[PDB]
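A.B. asks: Just passing along the structure, written as structure tokens.
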Amino acid sequence: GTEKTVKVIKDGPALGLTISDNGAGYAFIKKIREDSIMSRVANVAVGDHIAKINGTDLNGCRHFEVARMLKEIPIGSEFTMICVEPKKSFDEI
């Protein structure tokens, strides 16, 4: 899948993400709340898998572990997140 670097300022206590996992692989973004920090990030989308946060490998991690890592980031801090897009249909025209 297409790998993307997301660099974000956590300016308040909530990023706007809903994340889940299916019991294996990576946690993924299930929802991005309208008018949120993450809705304003140009290159993150519903369906993306969260591969790393701040260089930490999150392969195999449950959504509660990934969520804890995002929640713990102090307000006012920048953070980086590596997201991987799933392979879905498209058209070239």
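Each chain in the structure tokens gets a letter, A, B and so on, in the order shown; residues start at 1 in every chain, and ligands are counted from 1 in the order they appear.
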Hey, what does DSSP flag as strand (DSSP E) within segment 7-78 of chain A? Can you give it to me as a list in words?
C.D. replies: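 Answer for segment 7-78 of chain A restricted to strand (DSSP E) is residues 7, 8, 9, 17, 18, 19, 20, 28, 29, 30, 31, 32, 49, 50, 51, 52, 53, 56, 57 and 78 of chain A.
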A.B. asks: Generate the output file for the selected residues, N, CA and C atoms, as a PDB file, in the first residue's frame.
C.D. replies:
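Written out: selection31.pdb:
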ATOM      1  N   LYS A   7       2.362  14.909   9.436  1.00  0.00           N
ATOM      2  CA  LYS A   7       2.961  15.693  10.512  1.00  0.00           C
ATOM      3  C   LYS A   7       1.938  16.713  10.973  1.00  0.00           C
ATOM      4  N   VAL A   8       1.574  16.643  12.256  1.00  0.00           N
ATOM      5  CA  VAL A   8       0.347  17.225  12.788  1.00  0.00           C
ATOM      6  C   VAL A   8       0.680  17.930  14.090  1.00  0.00           C
ATOM      7  N   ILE A   9       0.044  19.066  14.335  1.00  0.00           N
ATOM      8  CA  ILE A   9       0.116  19.722  15.636  1.00  0.00           C
ATOM      9  C   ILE A   9      -1.128  19.348  16.429  1.00  0.00           C
ATOM     10  N   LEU A  17     -10.158  11.397  15.445  1.00  0.00           N
ATOM     11  CA  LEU A  17     -10.036  10.070  14.860  1.00  0.00           C
ATOM     12  C   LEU A  17     -10.879   9.054  15.611  1.00  0.00           C
ATOM     13  N   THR A  18     -11.504   8.154  14.865  1.00  0.00           N
ATOM     14  CA  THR A  18     -12.011   6.899  15.407  1.00  0.00           C
ATOM     15  C   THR A  18     -11.183   5.785  14.792  1.00  0.00           C
ATOM     16  N   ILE A  19     -10.557   4.979  15.628  1.00  0.00           N
ATOM     17  CA  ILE A  19      -9.711   3.913  15.121  1.00  0.00           C
ATOM     18  C   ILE A  19     -10.184   2.584  15.663  1.00  0.00           C
ATOM     19  N   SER A  20      -9.924   1.539  14.890  1.00  0.00           N
ATOM     20  CA  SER A  20     -10.280   0.191  15.283  1.00  0.00           C
ATOM     21  C   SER A  20      -9.221  -0.765  14.747  1.00  0.00           C
ATOM     22  N   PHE A  28      -6.602   0.821  12.103  1.00  0.00           N
ATOM     23  CA  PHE A  28      -6.991   1.624  10.954  1.00  0.00           C
ATOM     24  C   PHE A  28      -7.970   2.710  11.364  1.00  0.00           C
ATOM     25  N   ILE A  29      -8.060   3.709  10.496  1.00  0.00           N
ATOM     26  CA  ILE A  29      -8.903   4.871  10.727  1.00  0.00           C
ATOM     27  C   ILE A  29     -10.295   4.542  10.210  1.00  0.00           C
ATOM     28  N   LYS A  30     -11.245   4.459  11.126  1.00  0.00           N
ATOM     29  CA  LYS A  30     -12.620   4.136  10.795  1.00  0.00           C
ATOM     30  C   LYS A  30     -13.429   5.380  10.466  1.00  0.00           C
ATOM     31  N   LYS A  31     -13.185   6.477  11.184  1.00  0.00           N
ATOM     32  CA  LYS A  31     -13.888   7.730  10.951  1.00  0.00           C
ATOM     33  C   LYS A  31     -12.939   8.881  11.220  1.00  0.00           C
ATOM     34  N   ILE A  32     -13.177   9.985  10.524  1.00  0.00           N
ATOM     35  CA  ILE A  32     -12.504  11.249  10.779  1.00  0.00           C
ATOM     36  C   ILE A  32     -13.591  12.294  10.938  1.00  0.00           C
ATOM     37  N   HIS A  49      -4.376   2.733   7.259  1.00  0.00           N
ATOM     38  CA  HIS A  49      -3.813   2.029   8.398  1.00  0.00           C
ATOM     39  C   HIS A  49      -2.722   2.880   9.039  1.00  0.00           C
ATOM     40  N   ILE A  50      -2.602   2.777  10.359  1.00  0.00           N
ATOM     41  CA  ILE A  50      -1.598   3.526  11.106  1.00  0.00           C
ATOM     42  C   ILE A  50      -0.411   2.599  11.326  1.00  0.00           C
ATOM     43  N   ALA A  51       0.678   2.852  10.611  1.00  0.00           N
ATOM     44  CA  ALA A  51       1.839   1.974  10.665  1.00  0.00           C
ATOM     45  C   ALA A  51       2.818   2.363  11.762  1.00  0.00           C
ATOM     46  N   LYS A  52       2.995   3.662  11.991  1.00  0.00           N
ATOM     47  CA  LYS A  52       3.940   4.158  12.982  1.00  0.00           C
ATOM     48  C   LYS A  52       3.432   5.476  13.542  1.00  0.00           C
ATOM     49  N   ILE A  53       3.806   5.751  14.789  1.00  0.00           N
ATOM     50  CA  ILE A  53       3.665   7.070  15.388  1.00  0.00           C
ATOM     51  C   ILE A  53       5.013   7.431  15.978  1.00  0.00           C
ATOM     52  N   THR A  56       7.679   4.765  16.131  1.00  0.00           N
ATOM     53  CA  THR A  56       7.386   3.493  16.775  1.00  0.00           C
ATOM     54  C   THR A  56       6.637   2.576  15.821  1.00  0.00           C
ATOM     55  N   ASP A  57       7.120   1.345  15.667  1.00  0.00           N
ATOM     56  CA  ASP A  57       6.463   0.355  14.817  1.00  0.00           C
ATOM     57  C   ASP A  57       5.178  -0.117  15.489  1.00  0.00           C
ATOM     58  N   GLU A  78       3.898  18.712  18.292  1.00  0.00           N
ATOM     59  CA  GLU A  78       3.832  18.118  16.968  1.00  0.00           C
ATOM     60  C   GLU A  78       4.077  16.621  17.090  1.00  0.00           C
TER      61      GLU A  78
END
A.B. asks: Which residues are close to residue 58 of chain A, i.e. within 12 Å by only C-alpha atoms, leaving aside same-chain residues fewer than 3 positions away? Reply as a VMD selection string.
C.D. replies: chain A and resid 21 24 to 28 49 to 55 61 to 70 81 to 84
A.B. asks: Could the residues in this selection be saved with C-alpha atoms as a PDB file, in the first residue's frame?
C.D. replies:
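Ended up saving to result-v5.pdb:
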ATOM      1  CA  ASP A  21      -8.596  -3.096  14.385  1.00  0.00           C
ATOM      2  CA  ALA A  24      -4.449  -8.694  13.230  1.00  0.00           C
ATOM      3  CA  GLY A  25      -2.202  -6.376  11.264  1.00  0.00           C
ATOM      4  CA  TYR A  26      -2.450  -2.625  11.832  1.00  0.00           C
ATOM      5  CA  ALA A  27      -5.033  -0.424  13.470  1.00  0.00           C
ATOM      6  CA  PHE A  28      -6.991   1.624  10.954  1.00  0.00           C
ATOM      7  CA  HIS A  49      -3.813   2.029   8.398  1.00  0.00           C
ATOM      8  CA  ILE A  50      -1.598   3.526  11.106  1.00  0.00           C
ATOM      9  CA  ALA A  51       1.839   1.974  10.665  1.00  0.00           C
ATOM     10  CA  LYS A  52       3.940   4.158  12.982  1.00  0.00           C
ATOM     11  CA  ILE A  53       3.665   7.070  15.388  1.00  0.00           C
ATOM     12  CA  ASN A  54       6.827   9.067  16.109  1.00  0.00           C
ATOM     13  CA  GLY A  55       8.941   6.261  14.660  1.00  0.00           C
ATOM     14  CA  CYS A  61      -0.810  -3.324  17.834  1.00  0.00           C
ATOM     15  CA  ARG A  62      -4.444  -3.225  18.899  1.00  0.00           C
ATOM     16  CA  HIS A  63      -6.490  -0.079  18.467  1.00  0.00           C
ATOM     17  CA  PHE A  64      -6.418   0.561  22.207  1.00  0.00           C
ATOM     18  CA  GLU A  65      -2.589   0.598  22.138  1.00  0.00           C
ATOM     19  CA  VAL A  66      -2.427   2.956  19.155  1.00  0.00           C
ATOM     20  CA  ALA A  67      -5.126   5.121  20.729  1.00  0.00           C
ATOM     21  CA  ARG A  68      -3.183   5.315  23.984  1.00  0.00           C
ATOM     22  CA  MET A  69      -0.113   6.528  22.099  1.00  0.00           C
ATOM     23  CA  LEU A  70      -2.068   9.307  20.364  1.00  0.00           C
ATOM     24  CA  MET A  81       2.305   9.360  11.888  1.00  0.00           C
ATOM     25  CA  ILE A  82       3.007   6.984   9.016  1.00  0.00           C
ATOM     26  CA  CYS A  83      -0.233   5.966   7.328  1.00  0.00           C
ATOM     27  CA  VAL A  84      -0.642   3.297   4.650  1.00  0.00           C
TER      28      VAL A  84
END
A.B. asks: Give me every alpha helix (DSSP H) residue in chain A, going by DSSP on the backbone, as a list in words.
C.D. replies: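 Selection result, alpha helix (DSSP H) within chain A: residues 63, 64, 65, 66, 67, 68, 69, 70, 71 and 72 of chain A.
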A.B. asks: Could you please take those selected residues and save N, CA, C and O atoms as a PDB file, in the first residue's frame?
C.D. replies:
ATOM      1  N   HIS A  63      -6.063  -1.468  18.520  1.00  0.00           N
ATOM      2  CA  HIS A  63      -6.490  -0.079  18.467  1.00  0.00           C
ATOM      3  C   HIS A  63      -6.369   0.606  19.818  1.00  0.00           C
ATOM      4  O   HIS A  63      -6.102   1.809  19.866  1.00  0.00           O
ATOM      5  N   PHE A  64      -6.545  -0.121  20.924  1.00  0.00           N
ATOM      6  CA  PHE A  64      -6.418   0.561  22.207  1.00  0.00           C
ATOM      7  C   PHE A  64      -4.978   0.971  22.493  1.00  0.00           C
ATOM      8  O   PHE A  64      -4.753   1.961  23.191  1.00  0.00           O
ATOM      9  N   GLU A  65      -3.997   0.235  21.951  1.00  0.00           N
ATOM     10  CA  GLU A  65      -2.589   0.598  22.138  1.00  0.00           C
ATOM     11  C   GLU A  65      -2.215   1.805  21.291  1.00  0.00           C
ATOM     12  O   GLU A  65      -1.510   2.711  21.757  1.00  0.00           O
ATOM     13  N   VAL A  66      -2.661   1.818  20.035  1.00  0.00           N
ATOM     14  CA  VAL A  66      -2.427   2.956  19.155  1.00  0.00           C
ATOM     15  C   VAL A  66      -3.139   4.189  19.695  1.00  0.00           C
ATOM     16  O   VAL A  66      -2.582   5.297  19.715  1.00  0.00           O
ATOM     17  N   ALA A  67      -4.371   4.005  20.175  1.00  0.00           N
ATOM     18  CA  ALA A  67      -5.126   5.121  20.729  1.00  0.00           C
ATOM     19  C   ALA A  67      -4.423   5.703  21.938  1.00  0.00           C
ATOM     20  O   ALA A  67      -4.347   6.925  22.089  1.00  0.00           O
ATOM     21  N   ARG A  68      -3.927   4.840  22.824  1.00  0.00           N
ATOM     22  CA  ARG A  68      -3.183   5.315  23.984  1.00  0.00           C
ATOM     23  C   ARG A  68      -2.003   6.185  23.570  1.00  0.00           C
ATOM     24  O   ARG A  68      -1.754   7.239  24.170  1.00  0.00           O
ATOM     25  N   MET A  69      -1.277   5.769  22.533  1.00  0.00           N
ATOM     26  CA  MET A  69      -0.113   6.528  22.099  1.00  0.00           C
ATOM     27  C   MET A  69      -0.503   7.913  21.595  1.00  0.00           C
ATOM     28  O   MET A  69       0.182   8.901  21.880  1.00  0.00           O
ATOM     29  N   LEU A  70      -1.601   8.008  20.840  1.00  0.00           N
ATOM     30  CA  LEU A  70      -2.068   9.307  20.364  1.00  0.00           C
ATOM     31  C   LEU A  70      -2.608  10.154  21.509  1.00  0.00           C
ATOM     32  O   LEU A  70      -2.381  11.369  21.556  1.00  0.00           O
ATOM     33  N   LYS A  71      -3.329   9.522  22.436  1.00  0.00           N
ATOM     34  CA  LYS A  71      -3.925  10.234  23.556  1.00  0.00           C
ATOM     35  C   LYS A  71      -2.857  10.845  24.451  1.00  0.00           C
ATOM     36  O   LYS A  71      -3.031  11.955  24.967  1.00  0.00           O
ATOM     37  N   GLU A  72      -1.746  10.129  24.645  1.00  0.00           N
ATOM     38  CA  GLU A  72      -0.707  10.578  25.562  1.00  0.00           C
ATOM     39  C   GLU A  72       0.086  11.767  25.042  1.00  0.00           C
ATOM     40  O   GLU A  72       0.695  12.480  25.844  1.00  0.00           O
TER      41      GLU A  72
END
A.B. asks: Any idea what's packed within 10 Å of residue 12 of chain A, counting only C-alpha atoms, ignoring anything in its chain fewer than 5 positions away? Could you give it as a ChimeraX atom specification?
C.D. replies: /A:36-37,74-77
A.B. asks: Kindly give the distance, in Å, that separates atom CA of residue 85 of chain A and atom CA of residue 34 of chain A, rounded to a single decimal.
C.D. replies: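 Interatomic distance here is 20.0 Å.
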A.B. asks: Just to confirm, what's the straight-line distance from atom CA of residue 2 of chain A to atom CA of residue 88 of chain A in Å (one decimal)?
C.D. replies: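 Separation between atom CA of residue 2 of chain A and atom CA of residue 88 of chain A: 10.9 Å.
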A.B. asks: Which distance in Å separates atom CA of residue 1 of chain A and atom CA of residue 86 of chain A, to one decimal?
C.D. replies: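 Computed distance, atom CA of residue 1 of chain A to atom CA of residue 86 of chain A, equals 5.5 Å.
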